[PDB]
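Reading through the structure tokens given below for one structure.
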Amino acid sequence: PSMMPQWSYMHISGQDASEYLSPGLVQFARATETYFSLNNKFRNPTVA
Amino acid sequence: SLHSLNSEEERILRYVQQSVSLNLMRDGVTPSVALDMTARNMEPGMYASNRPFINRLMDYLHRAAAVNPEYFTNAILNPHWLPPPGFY
Amino acid sequence: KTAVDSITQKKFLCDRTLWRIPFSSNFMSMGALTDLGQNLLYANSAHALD
Amino acid sequence: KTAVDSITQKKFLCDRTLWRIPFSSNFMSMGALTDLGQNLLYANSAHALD
Amino acid sequence: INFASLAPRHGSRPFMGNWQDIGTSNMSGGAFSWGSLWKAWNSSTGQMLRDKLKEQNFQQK
Amino acid sequence: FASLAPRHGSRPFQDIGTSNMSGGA
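Protein chains in written order, with the deposited numbering: chain F, 3 to 50; chain M, 310 to 397; chain E, 852 to 901; chain C, 852 to 901; chain Y, 4 to 41, 57 to 79; chain Z, 6 to 18, 23 to 34.
Have a look at this one:
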């Protein structure tokens, strides 16, 4: 629906890692994709 | 911090947190209905004895859930939480 | 010319695989969180399955 | 001196007493109404036991 | 650090990868863009040649 | 702007067509 805390806390449904991460870590991971892959760690939700 | 709660009120607060979290997490109900369901299931003697504090806490949580969902979810899910000054 | 009468048999092999029945309204894959999974009738109350 | 090779068997007897699995957080007798019994998780929800 | 410098620079424009890059893959409905290409002893030649087909086989070079 | 979209987050997710016998691809 619009409120189910467990999902939003576990990233089952909610914002994506490009957004809920503090926008300094996003910058860092975006900078070093070539040699130190970081985007594989966190998770992004997909909702039908 | 000039107003701080009495152990009985802390027990009530922890019970409210537990019940609201349980209803909201296993039954998927809306936060307003979750707050309503919690209230009823209370021991009538204690509910009547602490009617003002419980009423104020319920209204505060209601308007918090209506306005700021992130703050409401944080304050309903994190122990060691206390009502901020100005809630009095 | 001297072929005997025949009876057909049909069967299939499908290994290294899992039969899948997605819990979705129309069986399609529109995301990890299926639409039927978050539908009110199933998110709100409780059920039993046989 | 002439003793054959030995294999050891172990078994126990416990008659007249009934085993008990107290529905308590730490398996103690902290009260007649064990805390798990009154925990809010089981207060107002349906459960099934296997 | 703007965190920028730290990137391979390919031309005065520090090369930074796409923002929307963090990730999920569980069981069904999601899959990737680079994929599986994949008697006795008689003829021989077509066979030697095919064994040789085990190298890069498509694209995305 | 229909939002029947499959959604990969807060963000939701050309009509095209055409390939004759010869034409590049």
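Positions of the beta carbon are idealized from the N, C-alpha and C atoms, including for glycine.
For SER896/C, the chain M residues whose Cβ falls inside 7 Å of its Cβ are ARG335, in order along the chain. In this chain, the alpha helix (DSSP H) harbouring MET346/M covers 340-349. Below 8 Å, enough C-beta pairs join the stretch 25-38 of chain Y and the stretch 875-883 of chain E to call them touching: three or more.
Among the residues of the stretch 868-894 of chain C, those with a Cβ less than 8 Å away from any Cβ of chain M are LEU891, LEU892, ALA894, in the order of the chain.
Short of 6 Å from the beta carbon of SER875/C, and not among the five residues preceding or following it, lie these beta carbons of its own chain, in chain order: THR885, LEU887. Residue state for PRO17/Y is assigned as strand, using DSSP reduced to three classes. For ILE321/M, the uninterrupted alpha helix (DSSP H) run begins and ends at 316-335, by DSSP. The alpha-carbon separation between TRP22/Y and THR36/F amounts to approximately 13 Å. DSSP lists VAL49/F as the beta-bridge partner residues of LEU884/E. Here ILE872/E is exposed, its C-beta having fewer than 16 other C-beta atoms within 10 Å. Annotated three-state conformation of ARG12/Z is strand, per DSSP. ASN364/M: member of the alpha helix (DSSP H) spanning 360-376, first to last residue. Separation of the CB atoms of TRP37/Y and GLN78/Y is rounded to 6 Å, and the pair is thereby assigned contact status at 8 Å.
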